[PDB]
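Just the one chain here, the form deposited in one PDB entry, laid out as structure tokens.
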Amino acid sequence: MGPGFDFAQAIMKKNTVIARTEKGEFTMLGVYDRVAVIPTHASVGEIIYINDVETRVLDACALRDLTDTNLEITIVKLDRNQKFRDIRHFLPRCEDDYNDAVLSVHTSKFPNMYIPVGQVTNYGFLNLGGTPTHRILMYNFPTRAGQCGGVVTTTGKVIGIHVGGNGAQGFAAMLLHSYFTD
């Protein structure tokens, strides 16, 4: 509907796949080469379904900060025959607050979904499902089951992936450029 939705659509149309694990279907952001991200609660194993195709997982790393606190991001390298467009130049270098973000989801349940979530706070610590978690972004939108893995964007920046909610607020794990240095 406007330039925020334009950037979000451009990311969804080229840099997402539908990932399926034993814990559900997730929006999955491809970052570069065969490297993608998903929430750690997806419990990625040795095999994952990508757009309903059986795909070997070459590597999976559940990230934690240097305090050994959960970040809720898992970086997955996929045994796929095709590379993602490299979007690492759209990743923030530092922790930050943002204005006027969009949360975008693409699954069997929620195809072509875009949500203007407004202001995003650097919330920091969250007890996420009983797990102490750091680097959490917060937005005041009542997000629902099915939106985990959704991409959080502003114009020109890919800032996080949706990992949970409390019925009134939604929470995303930050994406930082330093997670994807090769």
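The first residue of the shown sequence is 1; numbering continues from there.
This protein has a second form, the form solved in complex with a small molecule, left out of what is shown; the following refers to that one.
When the small molecule is considered in the deposited bound form, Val151 lies well away from it, no heavy atom lying within 4.5 Å.
The closest non-hydrogen atom of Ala145 lies within 4.5 Å of the small molecule in the deposited bound form.
At least one heavy atom of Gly165 is located within 4.5 Å of the small molecule in the deposited bound form.
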